[PDB]
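The structure under discussion appears below in the form of structure tokens.
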Amino acid sequence: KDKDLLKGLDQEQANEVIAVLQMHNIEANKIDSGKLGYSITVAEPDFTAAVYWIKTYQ
């Protein structure tokens, strides 16, 4: 249930991503890691939805 959605996007920038996820009322989890920094992960089966909502942020 942990995948890199972003790379090195700090909390101020991640606020964009967490917002679009939270807006649709989906399991949105904020993950910290070394190669990742700050990113947003979602429920494992809902992986498609996470990436889907970020398509409008590309």
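Using ideal geometry, Cβ is built from the backbone for each residue, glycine included, and neighbour counts are taken over all protein chains shown. Bear in mind these aren't lab numbers, they're just calculated from the coordinates by the rules spelled out.
Numbers at a glance
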{"quantity": "HN-Hα J in Hz across the stretch 41-58 - Karplus 6.51, -1.76, 1.60, θ = phi - 60°, x for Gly and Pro", "calculated": "10, 10, 3, 4, x, 8, 3, 4, 5, 4, 5, 5, 6, 7, 5, 8, 10, 6"}
{"quantity": "Built amide H within the under 5 Å cut-off of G37, gap 5+", "calculated": "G8"}
{"quantity": "3J(HN,Hα) from dihedral phi, the stretch 8-21, Karplus parametrisation 6.51/-1.76/1.60, rounded to Hz, x for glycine, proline", "calculated": "x, 8, 6, 4, 5, 7, 5, 4, 4, 6, 4, 5, 5, 6"}
{"quantity": "Charge dipole magnitude, Cβ of K and R +1, D and E -1 - the chain, Cα centre, debye nearest 20", "calculated": "140"}
{"quantity": "Once the Cα gyration tensor of the chain is diagonalised, semi-axes √(5λ) in Å", "calculated": "16, 13, 10"}
{"quantity": "Cβ crowding within 10 Å averaged over residues, with 36-47, 3-14 ranked highest first", "calculated": "36-47, 3-14"}
